[PDB]
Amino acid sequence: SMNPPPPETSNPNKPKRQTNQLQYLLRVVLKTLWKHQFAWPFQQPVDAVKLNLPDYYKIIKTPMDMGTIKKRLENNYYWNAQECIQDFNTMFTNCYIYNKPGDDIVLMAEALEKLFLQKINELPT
């Protein structure tokens, strides 16, 4: 019934740094992914209370969303780009796991993921 605490976006014990690849990922999020027409269901944690999804956090034990990722980038939470890419993969996979093929939300995730992977394939360095 209740929502879990959302994923942390800062941790005083976790080392932080800025890298040009992490800056590129933030640029991709802000310029391209955040304002995509299909972005809005991914811009914040799934609110199982509002949506009355008592099973969501029984099925999804590693939640992730683009609002969390964006804040992590803005707070320099990550040590490397791979951590951030893994968070994106987790977000997309969670959507595929909870929902079912043919759902419009799955089509939205697939389109966002296709665009994200295009941007990954253009990562600098």
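The first residue of the shown sequence is 1; numbering continues from there. Only the largest set of C-alpha atoms that superpose within 1.5 Å between the two forms is called the rigid core.
S.K.: When the core is superposed, where do the C-alphas shift more in 8 other deposited structures of this protein: in 29-37 or in 70-78?
M.R.: If we average over structures and residues in 8 other deposited structures of this protein, the farther stretch is 29-37.
S.K.: Which is farther from the shown form in 8 other deposited structures of this protein in C-alpha RMS with the core fitted, 104-112 or 13-21?
M.R.: Once the cores are fitted, 13-21 deviates more in 8 other deposited structures of this protein.
S.K.: Which wins on mean Cα temperature factor, 96-104 or 54-62?
M.R.: The recorded data point to 96-104.
S.K.: So which stretch wins on mean C-alpha B-factor, 70-78 or 84-92?
M.R.: The entry gives the higher C-alpha B-factor average to 70-78.
S.K.: According to the PDB entry, is the CA B factor of residue 49 in the bottom, middle or top third of its chain, that is, lowest, middle or highest?
M.R.: Highest third of the chain for residue 49's C-alpha B-factor.
S.K.: Lowest, middle or highest third of the chain for the C-alpha temperature factor of residue 124?
M.R.: Highest third - that is where residue 124 ends up once the chain's C-alpha B-factors are sorted.
S.K.: Where does the C-alpha B-factor of residue 111 rank in its chain, lowest, middle or highest third?
M.R.: Tercile = middle for this residue's CA B-factor.
S.K.: Looking at the temperature factor on the CA atom of residue 22, which third of the chain's modelled residues does it land in?
M.R.: For residue 22, the deposited C-alpha B-factor lands in the middle third.
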